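The chain below stands alone, shown as structure tokens; this is the form deposited in one PDB entry.
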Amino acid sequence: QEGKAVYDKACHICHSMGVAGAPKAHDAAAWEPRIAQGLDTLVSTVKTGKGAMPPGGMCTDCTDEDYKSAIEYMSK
């Protein structure tokens, strides 16, 4: 899947406005410290969930590649 496609059907729900502290999409400054953790780490976190974010980020068919693509789209 394309990163933007994953975002538009799932991630945008909370990340478009940065609800409950979600790093806002296309906010490079907000995503920089999170990207710095390493993509492997971020993909793992999305799949297990983190606080207010539910495991999977409401994508029902996402591969690790899909998750990574989605993060890359949001991070700029």
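Only residues modelled in both forms are compared. All residue numbers are counted from 1 along the displayed sequence. Rigid core: the largest C-alpha set superposing within 1.5 Å between the two forms.
Not on display, but discussed next: the form deposited in another entry.
Peer 1: Fitting the rigid core first, would the Cα of residue 53 be found 2 Å or more away between this form and the one not shown?
Peer 2: No, the C-alpha position differs by under 2 Å between this form and the one not shown.
Peer 1: For a quick test of reading the superposition: does residue 12 move by 2 Å or more at the CA between this form and the one not shown, rigid core aligned?
Peer 2: Yes.
Peer 1: Note whether the distance between the C-alpha atoms of residue 9 and residue 70 decreases (closer) or increases (farther) in the other entry, against the displayed form; the change is 3 Å or more.
Peer 2: So the answer is farther.
Peer 1: Between residue 16 and residue 52, does the Cα distance in the other entry come out closer or farther than in this form, changing by 3 Å or more?
Peer 2: Residues converge in the other entry, at least 3 Å closer.
Peer 1: Where does the protein shift between this form and the one not shown, taking runs of 3+ residues with every CA moved 2 Å or more once the core is matched?
Peer 2: Moving region between this form and the one not shown: 1-20, nothing else.
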